[PDB]
Structure formats: structure tokens, C-alpha cells
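Student: Got a structure for you, written out below as C-alpha cells; questions coming shortly.
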Amino acid sequence: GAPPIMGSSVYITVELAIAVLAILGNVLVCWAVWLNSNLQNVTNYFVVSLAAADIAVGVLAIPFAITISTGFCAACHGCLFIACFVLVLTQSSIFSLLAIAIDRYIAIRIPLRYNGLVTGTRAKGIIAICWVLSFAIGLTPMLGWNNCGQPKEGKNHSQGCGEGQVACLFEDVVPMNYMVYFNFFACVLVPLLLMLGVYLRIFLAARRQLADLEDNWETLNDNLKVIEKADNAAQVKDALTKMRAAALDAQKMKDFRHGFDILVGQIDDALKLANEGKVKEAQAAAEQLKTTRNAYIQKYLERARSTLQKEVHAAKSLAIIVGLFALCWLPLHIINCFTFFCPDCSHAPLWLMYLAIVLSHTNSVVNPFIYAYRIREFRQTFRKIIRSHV
Ligand SMILES: CC(C)CCC[C@@H](C)[C@H]1CC[C@H]2[C@@H]3CC=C4C[C@@H](O)CC[C@]4(C)[C@H]3CC[C@]12C
Ligand SMILES: CC(C)CCC[C@@H](C)[C@H]1CC[C@H]2[C@@H]3CC=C4C[C@@H](O)CC[C@]4(C)[C@H]3CC[C@]12C
Ligand SMILES: CC(C)CCC[C@@H](C)[C@H]1CC[C@H]2[C@@H]3CC=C4C[C@@H](O)CC[C@]4(C)[C@H]3CC[C@]12C
Ligand SMILES: CC(C)CCC[C@@H](C)[C@H]1CC[C@H]2[C@@H]3CC=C4C[C@@H](O)CC[C@]4(C)[C@H]3CC[C@]12C
Ligand SMILES: Nc1nc(NCCc2ccc(O)cc2)nc2nc(-c3ccco3)nn12
Ligand code: NA
């Protein structure tokens, strides 16, 4: 009924509004990573590659998505590039998110070998090998998995296109078995479940390790209570062998390697008294541990539970990015499955189709907002840039 120019004028104005915020937002992220030296870690090299794929949305993907909506006349091998360039961009964001999840898992499971396993020179190479495979995954329709060989000649004659030209529409050049099996299932859904399995192993490793330092502290504070309330030298010997193993395993620096060394010294000095026969002398040597327990060991566990809880806060922030990438791209993929798995169902309405395309494009703006709300370093560099560069 209504002229298609009225409906499409709403779409282009909304598309150009997303392109403005996708270039303005992610350019502040890339600018802060090179303006600040605290943001130049390996984890943020994948953040830049994520923002570089969200800048390309406002430069190429959104302008391409407008042209394909008009259904203009184009060669069926050129119409594929306008249609499938987004699939390369979505494939790079998935590979970057997957690299951030394993980067945070290597740092939480192996904190003493991170600086040797995960280096910047190796990260720049992993990024280059992901972009190549992103073009191989997103542009593999052009390799021969097309509907170009089966043209809709009813729409090509009405449009009045040339020889070898097809009315350039998305669902008329790339088949749906590619969008559901290869694109959604094998290349989007499986890596999404892997990030959910990697992140669950991050909060599980931290939750087990947060309980270990408190179990050790509980062991060192109550076995000490057994010493001053003991009636035998062997009862003091038993409590010390546990306090020596628990402390040495609490050890697994700045006053760290010194105060813990005072603990093992006083313990082993009280072990020779209990094994010799002097009970009252060993119970007095164990009270010397209380001072070190309130000066060095209390300040080690205080910082260990502080650095381990911030890795819980930081991993939760990056996990929301995986949750917002799915909430913005699954609605478009679910409509695809209805079109392919239920031929008896009617197609989704066009207002819902372009609602799923616009929503999937709004994913290029949410990421710089998560950094400014849940990362203090990014929130301060941004404020430093906006106030100074004005
Ligand atoms: C910043 C740079 C890389 C952007 C330039 C790439 C763009 C503008 C180029 C590269 C490939 C080109 C497309 C490939 C083939 C065709 C088929 C033709 O019948 C209509 C134009 C169309 C659809 C071209 C439009 C312009 C195009 C999309
Ligand atoms: C959190 C996110 C994933 C929620 C996604 C909700 C969307 C993608 C779901 C919820 C209800 C679904 C719709 C329910 C029924 C129909 C009618 C059918 O003839 C076409 C598909 C269509 C229109 C479905 C498309 C997908 C749909 C719109
Ligand atoms: C959080 C992630 C895993 C959600 C994944 C949802 C996908 C894999 C599932 C959830 C609901 C499912 C759809 C629900 C109903 C129908 C209608 C039926 O006639 C054909 C299959 C179809 C279209 C299903 C296809 C697969 C489907 C879209
Ligand atoms: C982990 C794996 C095994 C489960 C997830 C795969 C699911 C979501 C996919 C894989 C194969 C798909 C099915 C393949 C074909 C059909 C027949 C069609 O008439 C109804 C939809 C239906 C039934 C699809 C529904 C969704 C489906 C079951
Ligand atoms: N199904 C689909 N359609 C479109 N646009 C075509 C909109 C349309 C759909 C039907 C119709 O008759 C006329 C126009 N863009 C699309 N992008 C995607 C997509 C991108 C990433 C994953 O799925 N799926 N998708
Ligand atoms: Na992206």
C-alpha cells in the first residue's frame, strides 16, 4: 500500500545514526589504548581488533546494507560482497571475543607463566591469522555456495537488469542452508558456547582459589589455638607439621618472601622444642607466630583476595560483551531458522526483518560503553581525552 520510500526513509536514517555512533565510540577506544600505557596489555590488543571491526561497520557494513536493501541491478558475484562483508566482520568479533576469554583463563589458572606464554608479538600474529580466516568464512558464498546459478528471472526481468545480473537482495543470492548450518551453527553458536564454557572455568578457578587462601588462614589460626591448649609435646608437634605445610602451600618479593620466611623459621624452631621434650618452651615459641601473623601474613592474604576479586570483576565485564553480542545477533539468526526449518510457516514481516538488521548493527556501539562503565582505566582515559581535546 504505502510507497516503499516512506518505509525505507526510516531505515536509512536509523542506519546512518548507528554508523555515526559506531565510528565515534570505537575511535575513542583505539585512541585511549595508544594514549595510555596502562591499557597496552595483550588483552586490549584483542579489544582494538574488536573495535576495528566495529569501526568497519560504520564505514562499510552499514553503507553496504543500505544498497542491498534497494535491490539494485548488479552482477551476482558483486552482490555477494555487499551481502557477505558483514559475515567477515561478525567472524572477526567472534574470534576476538574467543581470544579474550582464553587470555583471562591463562592468567587465572597460570598467573606465574602468563608473561611467558602470552606475549604481545604472539598476539599480533594471532590477530593476523584470525582476519584471514574471517574472510574465508564470511566470503565463502563467493566460492560457489550461491543461488546465482538458480536465478529468480521473474524479479530480474521486472527490475530490468542486464545479462548476468540479478536483483540484488540478500535472501536471493546466498542460500539459507549456509546461513543456518555454516554461518549460525558451526561458526557462531559453537564459539558462543565455548566462551560460556571458558568463562565458567574462570569463575570456578577463582572460586576454588579464593576458598583455598581462606581455608589456609583458617588452618593457621585454629591449629595455633591447639598449641596453647595442649597437654603433650606430640600434640604441639602435630599442630606444627600442619601449620608448616599450610604456610608453605600458602607461599606456593616485597616483604612477601621475607615475612613468610619468618613464619617457617619460627615454626621449625618450635618443632625442635616439641620433638625434644620442652612443651612450655615450644608453646611460647608458637606465640611469636602471632605477631608475624598480624603483620605480614594478614597483609599478604589481604592483597591476594583483592587481586583475585578484581579478576572476578574484570571477567564479569568482558562476559557482558559476550552476552550483548548474542542478544543482538541471535534474534536475526532465529528468524533465519524459522525461514529454513519451517517452510509451512509464513516469512517474518519486513518491519521485523529490518528490526533484526538494525539491532545487530547496534552491537557496534555497546562495547565502548561497557568499557567506560565497568573499567576505571578506560573511564578515566576517555574523560582525559574529552576534556583536553576540546
Ligand atoms: C574503503 C574501500 C576498501 C571501500 C571500497 C570497496 C567498495 C566500495 C567496492 C569494492 C567492490 C565493489 C562492488 C563489487 C561489484 C559490484 C557489482 C556492480 O554491478 C555494482 C557495484 C558493485 C556492488 C561494487 C560496488 C563498489 C564495491 C563494493
Ligand atoms: C533474546 C532474543 C534471542 C529473543 C529473540 C526473539 C525473536 C527472535 C523471536 C521471538 C518470537 C519469534 C517469532 C514467533 C513467530 C513467528 C511467526 C512465523 O510465521 C515467522 C517467525 C516468527 C516471527 C518468529 C521469529 C523469531 C521471533 C520473533
Ligand atoms: C541460546 C541459544 C543456544 C539459542 C538457540 C536457539 C535455537 C538453536 C533454537 C531455539 C528455538 C528453535 C526454533 C523453535 C521452533 C521452530 C519451529 C519449527 O517448525 C522449526 C524449528 C524451529 C525454527 C526451531 C529452530 C531452532 C531454534 C531456533
Ligand atoms: C547439540 C545439538 C545436537 C542440538 C542442537 C541442534 C539443533 C538446534 C538443530 C540441529 C538440526 C536441526 C533440525 C534439523 C531439521 C529439522 C526438520 C524440520 O522439519 C523442523 C526443524 C528441525 C527439527 C531442525 C530443528 C533444529 C535442529 C534440531
Ligand atoms: N535473512 C536476512 N535478510 C537480510 N535482509 C533481507 C531482508 C528481506 C527479507 C525478505 C524479503 O522478502 C525482503 C527483504 N539481511 C540479513 N542479514 C542476516 C544475517 C547477518 C548475520 C547473520 O544473519 N540474515 N539476513
Ligand atoms: Na562486530
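Residue numbers in this text run from 1 along the chain shown.
Header lists the method as electron crystallography, 2.8 Å.
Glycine residues also receive a Cβ, built from the backbone N, Cα and C atoms like all the rest.
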Student: Using only what Swiss-Prot says about adenosine binding by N336, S360, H361, identify which of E171, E214, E218 is listed for that site too.
Tutor: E171
Student: Where Swiss-Prot splits the chain into topological domains, do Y114 and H347 land on the same side of the membrane?
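Tutor: Different domain labels for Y114 and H347.
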Student: Looking only at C130, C148, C161, which is named in Swiss-Prot as the disulfide mate of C76?
Tutor: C148
Student: Can you tell which of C161, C168, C187 is bonded to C79 by a disulfide, based on Swiss-Prot?
Tutor: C168
Student: Of the residues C30, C73, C328, which one does Swiss-Prot pair with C161 through a disulfide?
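Tutor: Here Swiss-Prot pairs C161 in a disulfide with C73.
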Student: Is it true that the transmembrane segment (176-200) and the transmembrane segment (10-34) have 3 or more CB pairs under 8 Å, sequence gap of 6 or more?
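Tutor: They do not touch: fewer than three Cβ pairs between the two stretches lie under 8 Å.
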Student: Please compute the Cα distance from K252 to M253 in Å; 15 residues between them have no coordinates.
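Tutor: Unmodelled segment endpoints: Cα atoms separated by 13 Å.
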Student: Between the transmembrane segment (318-341) and the stretches 10-34, 45-68, 80-102, 123-145, work out which stretch tops the count of Cβ pairs under 8 Å.
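Tutor: Checked against 10-34, 45-68, 80-102, 123-145; highest Cβ contact count belongs to 80-102.
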Student: Take the C-alpha atoms of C168 (disulfide bond) and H361 (adenosine binding site) and report the distance between them in angstrom, rounded.
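Tutor: For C168 (disulfide bond) versus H361 (adenosine binding site), the Cα atoms are 20 Å apart.
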